[PDB]
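entry-v3.cif, holding mmCIF, N, CA and C atoms:
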data_target
loop_
_atom_site.label_atom_id
_atom_site.label_comp_id
_atom_site.auth_asym_id
_atom_site.auth_seq_id
_atom_site.Cartn_x
_atom_site.Cartn_y
_atom_site.Cartn_z
N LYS A 1 -3.02 19.31 -23.62
CA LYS A 1 -2.61 18.02 -23.07
C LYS A 1 -2.32 18.13 -21.58
N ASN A 2 -3.36 18.50 -20.83
CA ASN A 2 -3.24 18.68 -19.39
C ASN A 2 -2.79 17.39 -18.73
N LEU A 3 -1.58 17.43 -18.17
CA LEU A 3 -1.00 16.27 -17.51
C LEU A 3 -1.69 16.04 -16.18
N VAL A 4 -2.96 15.66 -16.24
CA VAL A 4 -3.75 15.48 -15.04
C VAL A 4 -3.23 14.27 -14.29
N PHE A 5 -3.60 14.16 -13.01
CA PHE A 5 -3.47 12.94 -12.23
C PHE A 5 -4.85 12.52 -11.76
N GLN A 6 -4.99 11.24 -11.43
CA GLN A 6 -6.20 10.72 -10.83
C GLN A 6 -5.90 10.32 -9.39
N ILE A 7 -6.78 10.71 -8.48
CA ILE A 7 -6.58 10.54 -7.05
C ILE A 7 -7.71 9.76 -6.42
N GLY A 8 -8.90 10.31 -6.44
CA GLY A 8 -10.00 9.66 -5.76
C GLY A 8 -10.40 8.38 -6.44
N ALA A 9 -10.83 7.43 -5.62
CA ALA A 9 -11.48 6.23 -6.13
C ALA A 9 -12.88 6.50 -6.65
N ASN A 10 -13.35 7.75 -6.56
CA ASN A 10 -14.56 8.21 -7.20
C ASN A 10 -14.21 9.24 -8.28
N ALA A 11 -15.24 9.79 -8.91
CA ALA A 11 -15.04 10.59 -10.11
C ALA A 11 -14.66 12.03 -9.77
N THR A 12 -14.01 12.68 -10.74
CA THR A 12 -13.61 14.08 -10.77
C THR A 12 -12.43 14.39 -9.86
N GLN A 13 -11.98 13.44 -9.04
CA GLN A 13 -10.97 13.73 -8.02
C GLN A 13 -9.59 13.68 -8.68
N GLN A 14 -9.32 14.73 -9.45
CA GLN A 14 -8.13 14.82 -10.28
C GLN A 14 -7.33 16.07 -9.95
N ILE A 15 -6.12 16.11 -10.48
CA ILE A 15 -5.17 17.20 -10.28
C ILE A 15 -4.80 17.72 -11.66
N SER A 16 -4.34 18.97 -11.73
CA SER A 16 -3.82 19.56 -12.96
C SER A 16 -2.35 19.93 -12.78
N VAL A 17 -1.56 19.71 -13.83
CA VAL A 17 -0.11 19.91 -13.81
C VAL A 17 0.27 20.78 -14.99
N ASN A 18 1.33 21.58 -14.84
CA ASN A 18 1.77 22.52 -15.86
C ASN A 18 3.28 22.43 -16.03
N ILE A 19 3.72 22.03 -17.23
CA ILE A 19 5.13 21.81 -17.54
C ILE A 19 5.42 22.43 -18.90
N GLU A 20 6.31 23.43 -18.93
CA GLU A 20 6.40 24.31 -20.09
C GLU A 20 7.82 24.65 -20.55
N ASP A 21 8.85 24.33 -19.77
CA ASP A 21 10.20 24.80 -20.10
C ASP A 21 10.72 24.11 -21.36
N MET A 22 11.67 24.77 -22.01
CA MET A 22 12.48 24.25 -23.09
C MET A 22 13.73 25.11 -23.21
N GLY A 23 14.77 24.56 -23.83
CA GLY A 23 15.97 25.33 -24.09
C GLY A 23 15.73 26.58 -24.92
N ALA A 24 14.67 26.57 -25.72
CA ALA A 24 14.21 27.75 -26.42
C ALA A 24 13.33 28.65 -25.57
N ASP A 25 13.21 28.39 -24.27
CA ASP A 25 12.42 29.22 -23.37
C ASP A 25 13.33 30.07 -22.50
N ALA A 26 13.05 31.36 -22.49
CA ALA A 26 13.83 32.37 -21.80
C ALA A 26 12.82 33.45 -21.43
N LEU A 27 13.26 34.72 -21.34
CA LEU A 27 12.41 35.87 -21.05
C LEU A 27 11.02 35.76 -21.67
N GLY A 28 10.00 35.78 -20.82
CA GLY A 28 8.65 35.47 -21.24
C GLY A 28 7.88 36.68 -21.69
N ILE A 29 8.23 37.22 -22.86
CA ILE A 29 7.46 38.32 -23.42
C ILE A 29 6.04 37.85 -23.71
N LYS A 30 5.91 36.95 -24.68
CA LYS A 30 4.83 35.98 -24.75
C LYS A 30 5.43 34.61 -25.03
N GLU A 31 6.41 34.61 -25.93
CA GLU A 31 7.03 33.43 -26.49
C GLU A 31 8.44 33.85 -26.87
N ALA A 32 9.10 33.02 -27.68
CA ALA A 32 10.35 33.44 -28.29
C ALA A 32 10.10 34.70 -29.10
N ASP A 33 10.47 35.86 -28.55
CA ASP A 33 10.13 37.14 -29.15
C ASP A 33 10.75 37.27 -30.54
N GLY A 34 12.08 37.26 -30.58
CA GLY A 34 12.82 37.33 -31.82
C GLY A 34 14.18 36.73 -31.59
N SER A 35 15.22 37.39 -32.10
CA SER A 35 16.58 37.01 -31.73
C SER A 35 16.82 37.12 -30.23
N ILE A 36 16.03 37.92 -29.52
CA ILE A 36 16.14 38.09 -28.08
C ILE A 36 14.96 37.42 -27.41
N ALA A 37 15.08 37.27 -26.10
CA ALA A 37 14.05 36.84 -25.17
C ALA A 37 13.76 35.34 -25.25
N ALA A 38 14.29 34.63 -26.24
CA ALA A 38 14.44 33.18 -26.18
C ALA A 38 15.83 32.76 -26.63
N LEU A 39 16.35 33.45 -27.64
CA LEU A 39 17.43 32.89 -28.44
C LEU A 39 18.80 33.42 -28.07
N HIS A 40 18.91 34.30 -27.08
CA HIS A 40 20.21 34.44 -26.44
C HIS A 40 20.52 33.20 -25.62
N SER A 41 19.48 32.51 -25.14
CA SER A 41 19.67 31.19 -24.58
C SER A 41 20.11 30.20 -25.64
N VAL A 42 19.56 30.31 -26.85
CA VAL A 42 19.87 29.38 -27.92
C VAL A 42 21.03 29.93 -28.75
N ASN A 43 20.82 31.07 -29.41
CA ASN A 43 21.80 31.53 -30.39
C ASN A 43 22.95 32.30 -29.74
N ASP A 44 22.73 32.87 -28.55
CA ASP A 44 23.82 33.52 -27.82
C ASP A 44 24.45 34.66 -28.61
N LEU A 45 23.77 35.81 -28.69
CA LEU A 45 24.23 36.97 -29.44
C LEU A 45 25.69 37.36 -29.19
N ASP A 46 26.31 36.89 -28.10
CA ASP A 46 27.73 37.15 -27.84
C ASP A 46 28.56 36.34 -28.83
N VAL A 47 28.65 36.86 -30.05
CA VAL A 47 29.56 36.32 -31.05
C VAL A 47 30.55 37.43 -31.39
N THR A 48 30.07 38.43 -32.12
CA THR A 48 30.73 39.71 -32.30
C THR A 48 29.76 40.88 -32.25
N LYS A 49 28.45 40.62 -32.36
CA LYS A 49 27.43 41.61 -32.05
C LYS A 49 27.69 42.28 -30.72
N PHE A 50 28.17 41.50 -29.75
CA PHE A 50 28.40 42.01 -28.43
C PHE A 50 29.68 42.83 -28.33
N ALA A 51 30.58 42.70 -29.31
CA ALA A 51 31.69 43.63 -29.46
C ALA A 51 31.28 44.93 -30.12
N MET C 1 -55.38 -35.40 6.30
CA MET C 1 -54.18 -35.06 7.04
C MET C 1 -52.95 -35.68 6.41
N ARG C 2 -53.01 -36.96 6.05
CA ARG C 2 -51.89 -37.58 5.36
C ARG C 2 -51.60 -36.87 4.05
N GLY C 3 -52.66 -36.42 3.38
CA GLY C 3 -52.48 -35.53 2.25
C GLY C 3 -51.59 -34.35 2.58
N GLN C 4 -51.95 -33.62 3.63
CA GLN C 4 -51.19 -32.42 3.96
C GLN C 4 -49.78 -32.77 4.42
N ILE C 5 -49.61 -33.88 5.14
CA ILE C 5 -48.29 -34.20 5.68
C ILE C 5 -47.35 -34.61 4.56
N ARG C 6 -47.80 -35.50 3.70
CA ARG C 6 -46.97 -35.95 2.60
C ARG C 6 -46.63 -34.78 1.70
N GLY C 7 -47.66 -34.11 1.22
CA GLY C 7 -47.43 -32.98 0.33
C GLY C 7 -46.55 -31.92 0.96
N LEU C 8 -46.64 -31.79 2.29
CA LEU C 8 -45.84 -30.79 2.98
C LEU C 8 -44.38 -31.23 3.06
N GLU C 9 -44.15 -32.52 3.28
CA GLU C 9 -42.78 -33.01 3.33
C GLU C 9 -42.11 -32.82 1.98
N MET C 10 -42.77 -33.27 0.91
CA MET C 10 -42.24 -33.03 -0.42
C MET C 10 -42.11 -31.54 -0.71
N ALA C 11 -42.94 -30.72 -0.08
CA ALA C 11 -42.79 -29.28 -0.21
C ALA C 11 -41.52 -28.81 0.48
N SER C 12 -41.18 -29.42 1.61
CA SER C 12 -39.92 -29.11 2.25
C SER C 12 -38.76 -29.43 1.33
N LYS C 13 -38.85 -30.57 0.63
CA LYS C 13 -37.85 -30.88 -0.38
C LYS C 13 -37.77 -29.78 -1.44
N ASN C 14 -38.93 -29.39 -1.97
CA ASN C 14 -39.00 -28.32 -2.97
C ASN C 14 -38.30 -27.06 -2.48
N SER C 15 -38.59 -26.66 -1.24
CA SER C 15 -38.02 -25.43 -0.72
C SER C 15 -36.51 -25.56 -0.55
N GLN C 16 -36.04 -26.72 -0.10
CA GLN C 16 -34.60 -26.91 0.04
C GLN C 16 -33.90 -26.87 -1.32
N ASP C 17 -34.55 -27.38 -2.36
CA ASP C 17 -34.02 -27.21 -3.70
C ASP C 17 -33.93 -25.74 -4.06
N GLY C 18 -34.97 -24.97 -3.72
CA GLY C 18 -34.91 -23.53 -3.93
C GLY C 18 -33.73 -22.89 -3.23
N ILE C 19 -33.48 -23.30 -1.98
CA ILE C 19 -32.32 -22.80 -1.25
C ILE C 19 -31.05 -23.14 -2.00
N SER C 20 -31.00 -24.33 -2.58
CA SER C 20 -29.83 -24.71 -3.37
C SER C 20 -29.64 -23.78 -4.55
N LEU C 21 -30.67 -23.63 -5.38
CA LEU C 21 -30.63 -22.74 -6.54
C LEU C 21 -30.14 -21.35 -6.17
N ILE C 22 -30.82 -20.71 -5.22
CA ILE C 22 -30.51 -19.34 -4.84
C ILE C 22 -29.10 -19.26 -4.26
N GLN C 23 -28.66 -20.33 -3.59
CA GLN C 23 -27.30 -20.36 -3.09
C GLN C 23 -26.30 -20.35 -4.24
N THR C 24 -26.55 -21.17 -5.27
CA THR C 24 -25.67 -21.20 -6.44
C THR C 24 -25.58 -19.84 -7.10
N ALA C 25 -26.72 -19.29 -7.52
CA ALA C 25 -26.72 -18.00 -8.20
C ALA C 25 -26.10 -16.92 -7.33
N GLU C 26 -26.31 -17.00 -6.02
CA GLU C 26 -25.74 -16.01 -5.13
C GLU C 26 -24.22 -16.07 -5.15
N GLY C 27 -23.65 -17.26 -4.98
CA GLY C 27 -22.19 -17.37 -5.03
C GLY C 27 -21.64 -16.93 -6.37
N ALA C 28 -22.38 -17.20 -7.44
CA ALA C 28 -21.99 -16.71 -8.74
C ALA C 28 -21.89 -15.18 -8.75
N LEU C 29 -22.92 -14.51 -8.22
CA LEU C 29 -22.87 -13.05 -8.13
C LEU C 29 -21.76 -12.58 -7.21
N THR C 30 -21.39 -13.39 -6.21
CA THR C 30 -20.26 -13.03 -5.36
C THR C 30 -18.99 -12.97 -6.19
N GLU C 31 -18.77 -13.98 -7.02
CA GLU C 31 -17.60 -13.95 -7.89
C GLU C 31 -17.65 -12.75 -8.83
N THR C 32 -18.80 -12.52 -9.46
CA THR C 32 -18.99 -11.34 -10.29
C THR C 32 -18.56 -10.09 -9.55
N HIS C 33 -19.00 -10.01 -8.30
CA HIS C 33 -18.69 -8.87 -7.46
C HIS C 33 -17.20 -8.64 -7.31
N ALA C 34 -16.50 -9.64 -6.81
CA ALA C 34 -15.07 -9.48 -6.58
C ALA C 34 -14.34 -9.13 -7.87
N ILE C 35 -14.79 -9.71 -8.98
CA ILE C 35 -14.21 -9.35 -10.26
C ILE C 35 -14.39 -7.87 -10.51
N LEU C 36 -15.61 -7.35 -10.30
CA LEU C 36 -15.84 -5.94 -10.54
C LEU C 36 -15.05 -5.05 -9.58
N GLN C 37 -14.75 -5.54 -8.37
CA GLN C 37 -13.79 -4.82 -7.53
C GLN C 37 -12.47 -4.66 -8.26
N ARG C 38 -11.95 -5.76 -8.81
CA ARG C 38 -10.73 -5.66 -9.60
C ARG C 38 -10.91 -4.71 -10.78
N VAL C 39 -12.12 -4.66 -11.34
CA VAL C 39 -12.36 -3.76 -12.47
C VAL C 39 -12.17 -2.32 -12.03
N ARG C 40 -12.74 -1.94 -10.88
CA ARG C 40 -12.54 -0.58 -10.42
C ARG C 40 -11.07 -0.32 -10.13
N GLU C 41 -10.34 -1.33 -9.66
CA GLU C 41 -8.89 -1.14 -9.53
C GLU C 41 -8.28 -0.83 -10.88
N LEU C 42 -8.86 -1.38 -11.95
CA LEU C 42 -8.30 -1.16 -13.28
C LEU C 42 -8.89 0.07 -13.95
N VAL C 43 -9.87 0.73 -13.33
CA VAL C 43 -10.37 2.00 -13.85
C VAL C 43 -9.69 3.15 -13.12
N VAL C 44 -9.32 2.93 -11.87
CA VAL C 44 -8.44 3.87 -11.19
C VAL C 44 -7.04 3.76 -11.75
N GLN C 45 -6.57 2.52 -11.92
CA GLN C 45 -5.25 2.32 -12.51
C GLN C 45 -5.28 2.68 -13.99
N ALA C 46 -6.42 2.46 -14.65
CA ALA C 46 -6.69 3.15 -15.89
C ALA C 46 -7.37 4.49 -15.64
N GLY C 47 -6.75 5.35 -14.83
CA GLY C 47 -7.02 6.77 -14.87
C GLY C 47 -6.05 7.44 -15.81
N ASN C 48 -5.54 6.65 -16.77
CA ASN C 48 -4.37 6.96 -17.57
C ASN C 48 -3.12 7.10 -16.70
N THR C 49 -3.22 6.68 -15.43
CA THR C 49 -2.38 7.23 -14.37
C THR C 49 -2.30 8.74 -14.56
N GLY C 50 -3.48 9.34 -14.65
CA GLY C 50 -3.64 10.76 -14.93
C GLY C 50 -3.57 11.09 -16.39
N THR C 51 -2.35 11.21 -16.89
CA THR C 51 -2.03 10.74 -18.23
C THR C 51 -0.70 10.01 -18.24
#

So that I can check it, write out the structure of this file as structure tokens.
Amino acid sequence: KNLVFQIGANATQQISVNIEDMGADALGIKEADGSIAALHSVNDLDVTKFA
Amino acid sequence: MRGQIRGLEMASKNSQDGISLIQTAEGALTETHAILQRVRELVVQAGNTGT
């Protein structure tokens, strides 16, 4: 779903846009790796694991 | 000669009628034209605004 824009009054004169963040987005291994690299942002391992 | 003069005068009438016809159809195409200008405004504005 490329969030293109249209610019030229003629054809093909477009732009490409990239928007990817989410609260489940953190350290970019590839994706939400596991409990880490996305979900310390979400789940926050500092409960008692961090003790 | 009177043959040619009379027939030629009525021919001038014929030609002026032709000018009338072509004038009408021409102005019609002028309106068509301006409308299609608005159409291109609506194809740029329907560039999905990109998306």

query: If you apply the PyMOL selection byres ((chain C) within 6 of (chain A)) to this file, what residues do you get, as a ChimeraX atom specification?
result: /C:47,49-51

Selection above as a file: N, CA and C atoms, as an mmCIF file, in the coordinates of the input:
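Written file, result21.cif:
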data_model
loop_
_atom_site.group_PDB
_atom_site.id
_atom_site.type_symbol
_atom_site.label_atom_id
_atom_site.label_comp_id
_atom_site.auth_asym_id
_atom_site.auth_seq_id
_atom_site.Cartn_x
_atom_site.Cartn_y
_atom_site.Cartn_z
ATOM 1 N N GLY C 47 -6.750 5.350 -14.830
ATOM 2 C CA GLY C 47 -7.020 6.770 -14.870
ATOM 3 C C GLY C 47 -6.050 7.440 -15.810
ATOM 4 N N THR C 49 -3.220 6.680 -15.430
ATOM 5 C CA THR C 49 -2.380 7.230 -14.370
ATOM 6 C C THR C 49 -2.300 8.740 -14.560
ATOM 7 N N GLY C 50 -3.480 9.340 -14.650
ATOM 8 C CA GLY C 50 -3.640 10.760 -14.930
ATOM 9 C C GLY C 50 -3.570 11.090 -16.390
ATOM 10 N N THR C 51 -2.350 11.210 -16.890
ATOM 11 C CA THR C 51 -2.030 10.740 -18.230
ATOM 12 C C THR C 51 -0.700 10.010 -18.240
#

task: Could you please write out, as a ChimeraX atom specification, every residue of chain C that DSSP assigns to helix (DSSP H, G or I)?
output: /C:2-44

field: For CA of residue 32 in chain C and CA of residue 19 in chain C, the interatomic separation in Å (one decimal)
entry: 19.8 Å

task: Have a look at atom C of residue 12 in chain A and atom C of residue 45 in chain C and let me know their distance in Å, one decimal.
output: 14.3 Å

- prompt: What separation in Å, quoted to one decimal, exists between atom N of residue 49 in chain A and atom C of residue 32 in chain A?
  reply: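 Rounded to one decimal, the two atoms are 19.6 Å apart.
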
task: Can you pull out every residue within 6.5 Å of range 20-23 of chain A, counting all atoms listed in the file, but drop anything in the same chain fewer than 4 positions away, and send it as a ChimeraX atom specification?
output: /A:38,41-42

- request: Can you list, as an NGL selection string, all residues belonging to chain A that DSSP tags as strand (DSSP E or B)?
  value: :A and (5-6 or 14-15)

message: Need to verify the contact set: residue 35 in chain A, 12 Å, only C-alpha atoms, exclusion of same-chain residues closer than 5 positions in sequence. Can you return it as a ChimeraX atom specification?
response: /A:24,26-27,40-46,49

Dump N, CA and C atoms for the selected residues as a tab-separated table (two decimals), in the frame of the given file?
chain	number	residue	atom	x	y	z
A	24	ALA	N	14.67	26.57	-25.72
A	24	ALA	CA	14.21	27.75	-26.42
A	24	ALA	C	13.33	28.65	-25.57
A	26	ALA	N	13.05	31.36	-22.49
A	26	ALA	CA	13.83	32.37	-21.80
A	26	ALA	C	12.82	33.45	-21.43
A	27	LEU	N	13.26	34.72	-21.34
A	27	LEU	CA	12.41	35.87	-21.05
A	27	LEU	C	11.02	35.76	-21.67
A	40	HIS	N	18.91	34.30	-27.08
A	40	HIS	CA	20.21	34.44	-26.44
A	40	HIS	C	20.52	33.20	-25.62
A	41	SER	N	19.48	32.51	-25.14
A	41	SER	CA	19.67	31.19	-24.58
A	41	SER	C	20.11	30.20	-25.64
A	42	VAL	N	19.56	30.31	-26.85
A	42	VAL	CA	19.87	29.38	-27.92
A	42	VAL	C	21.03	29.93	-28.75
A	43	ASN	N	20.82	31.07	-29.41
A	43	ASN	CA	21.80	31.53	-30.39
A	43	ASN	C	22.95	32.30	-29.74
A	44	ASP	N	22.73	32.87	-28.55
A	44	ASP	CA	23.82	33.52	-27.82
A	44	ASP	C	24.45	34.66	-28.61
A	45	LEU	N	23.77	35.81	-28.69
A	45	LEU	CA	24.23	36.97	-29.44
A	45	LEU	C	25.69	37.36	-29.19
A	46	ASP	N	26.31	36.89	-28.10
A	46	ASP	CA	27.73	37.15	-27.84
A	46	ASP	C	28.56	36.34	-28.83
A	49	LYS	N	28.45	40.62	-32.36
A	49	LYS	CA	27.43	41.61	-32.05
A	49	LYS	C	27.69	42.28	-30.72

As an mmCIF file, in the frame of the given file, could you write out range 17-41 of chain A once it has been completed with N, CA, C and O atoms?
data_model
loop_
_atom_site.group_PDB
_atom_site.id
_atom_site.type_symbol
_atom_site.label_atom_id
_atom_site.label_comp_id
_atom_site.auth_asym_id
_atom_site.auth_seq_id
_atom_site.Cartn_x
_atom_site.Cartn_y
_atom_site.Cartn_z
ATOM 1 N N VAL A 17 -1.560 19.710 -13.830
ATOM 2 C CA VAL A 17 -0.110 19.910 -13.810
ATOM 3 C C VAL A 17 0.270 20.780 -14.990
ATOM 4 O O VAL A 17 -0.373 20.713 -16.046
ATOM 5 N N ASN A 18 1.330 21.580 -14.840
ATOM 6 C CA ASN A 18 1.770 22.520 -15.860
ATOM 7 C C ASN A 18 3.280 22.430 -16.030
ATOM 8 O O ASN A 18 4.031 22.715 -15.094
ATOM 9 N N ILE A 19 3.720 22.030 -17.230
ATOM 10 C CA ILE A 19 5.130 21.810 -17.540
ATOM 11 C C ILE A 19 5.420 22.430 -18.900
ATOM 12 O O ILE A 19 4.871 21.985 -19.913
ATOM 13 N N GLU A 20 6.310 23.430 -18.930
ATOM 14 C CA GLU A 20 6.400 24.310 -20.090
ATOM 15 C C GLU A 20 7.820 24.650 -20.550
ATOM 16 O O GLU A 20 7.996 25.201 -21.642
ATOM 17 N N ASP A 21 8.850 24.330 -19.770
ATOM 18 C CA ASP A 21 10.200 24.800 -20.100
ATOM 19 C C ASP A 21 10.720 24.110 -21.360
ATOM 20 O O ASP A 21 10.249 23.038 -21.738
ATOM 21 N N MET A 22 11.670 24.770 -22.010
ATOM 22 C CA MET A 22 12.480 24.250 -23.090
ATOM 23 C C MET A 22 13.730 25.110 -23.210
ATOM 24 O O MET A 22 13.776 26.242 -22.724
ATOM 25 N N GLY A 23 14.770 24.560 -23.830
ATOM 26 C CA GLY A 23 15.970 25.330 -24.090
ATOM 27 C C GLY A 23 15.730 26.580 -24.920
ATOM 28 O O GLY A 23 16.492 27.543 -24.828
ATOM 29 N N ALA A 24 14.670 26.570 -25.720
ATOM 30 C CA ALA A 24 14.210 27.750 -26.420
ATOM 31 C C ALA A 24 13.330 28.650 -25.570
ATOM 32 O O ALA A 24 12.731 29.587 -26.112
ATOM 33 N N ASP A 25 13.210 28.390 -24.270
ATOM 34 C CA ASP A 25 12.420 29.220 -23.370
ATOM 35 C C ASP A 25 13.330 30.070 -22.500
ATOM 36 O O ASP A 25 14.259 29.560 -21.857
ATOM 37 N N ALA A 26 13.050 31.360 -22.490
ATOM 38 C CA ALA A 26 13.830 32.370 -21.800
ATOM 39 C C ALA A 26 12.820 33.450 -21.430
ATOM 40 O O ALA A 26 11.664 33.114 -21.145
ATOM 41 N N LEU A 27 13.260 34.720 -21.340
ATOM 42 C CA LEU A 27 12.410 35.870 -21.050
ATOM 43 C C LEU A 27 11.020 35.760 -21.670
ATOM 44 O O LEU A 27 10.883 35.664 -22.890
ATOM 45 N N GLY A 28 10.000 35.780 -20.820
ATOM 46 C CA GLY A 28 8.650 35.470 -21.240
ATOM 47 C C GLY A 28 7.880 36.680 -21.690
ATOM 48 O O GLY A 28 6.973 37.143 -20.991
ATOM 49 N N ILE A 29 8.230 37.220 -22.860
ATOM 50 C CA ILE A 29 7.460 38.320 -23.420
ATOM 51 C C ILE A 29 6.040 37.850 -23.710
ATOM 52 O O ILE A 29 5.074 38.280 -23.076
ATOM 53 N N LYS A 30 5.910 36.950 -24.680
ATOM 54 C CA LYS A 30 4.830 35.980 -24.750
ATOM 55 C C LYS A 30 5.430 34.610 -25.030
ATOM 56 O O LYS A 30 5.057 33.607 -24.423
ATOM 57 N N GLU A 31 6.410 34.610 -25.930
ATOM 58 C CA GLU A 31 7.030 33.430 -26.490
ATOM 59 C C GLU A 31 8.440 33.850 -26.870
ATOM 60 O O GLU A 31 8.910 34.918 -26.474
ATOM 61 N N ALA A 32 9.100 33.020 -27.680
ATOM 62 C CA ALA A 32 10.350 33.440 -28.290
ATOM 63 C C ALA A 32 10.100 34.700 -29.100
ATOM 64 O O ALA A 32 9.553 34.629 -30.208
ATOM 65 N N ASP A 33 10.470 35.860 -28.550
ATOM 66 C CA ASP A 33 10.130 37.140 -29.150
ATOM 67 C C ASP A 33 10.750 37.270 -30.540
ATOM 68 O O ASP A 33 10.043 37.347 -31.546
ATOM 69 N N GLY A 34 12.080 37.260 -30.580
ATOM 70 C CA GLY A 34 12.820 37.330 -31.820
ATOM 71 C C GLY A 34 14.180 36.730 -31.590
ATOM 72 O O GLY A 34 14.296 35.693 -30.941
ATOM 73 N N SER A 35 15.220 37.390 -32.100
ATOM 74 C CA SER A 35 16.580 37.010 -31.730
ATOM 75 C C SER A 35 16.820 37.120 -30.230
ATOM 76 O O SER A 35 17.751 36.480 -29.722
ATOM 77 N N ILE A 36 16.030 37.920 -29.520
ATOM 78 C CA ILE A 36 16.140 38.090 -28.080
ATOM 79 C C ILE A 36 14.960 37.420 -27.410
ATOM 80 O O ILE A 36 13.972 37.054 -28.054
ATOM 81 N N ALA A 37 15.080 37.270 -26.100
ATOM 82 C CA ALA A 37 14.050 36.840 -25.170
ATOM 83 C C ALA A 37 13.760 35.340 -25.250
ATOM 84 O O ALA A 37 13.006 34.833 -24.418
ATOM 85 N N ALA A 38 14.290 34.630 -26.240
ATOM 86 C CA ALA A 38 14.440 33.180 -26.180
ATOM 87 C C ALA A 38 15.830 32.760 -26.630
ATOM 88 O O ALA A 38 16.427 31.848 -26.054
ATOM 89 N N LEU A 39 16.350 33.450 -27.640
ATOM 90 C CA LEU A 39 17.430 32.890 -28.440
ATOM 91 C C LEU A 39 18.800 33.420 -28.070
ATOM 92 O O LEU A 39 19.783 33.021 -28.692
ATOM 93 N N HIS A 40 18.910 34.300 -27.080
ATOM 94 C CA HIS A 40 20.210 34.440 -26.440
ATOM 95 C C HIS A 40 20.520 33.200 -25.620
ATOM 96 O O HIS A 40 21.691 32.864 -25.421
ATOM 97 N N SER A 41 19.480 32.510 -25.140
ATOM 98 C CA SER A 41 19.670 31.190 -24.580
ATOM 99 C C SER A 41 20.110 30.200 -25.640
ATOM 100 O O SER A 41 20.955 29.341 -25.370
#
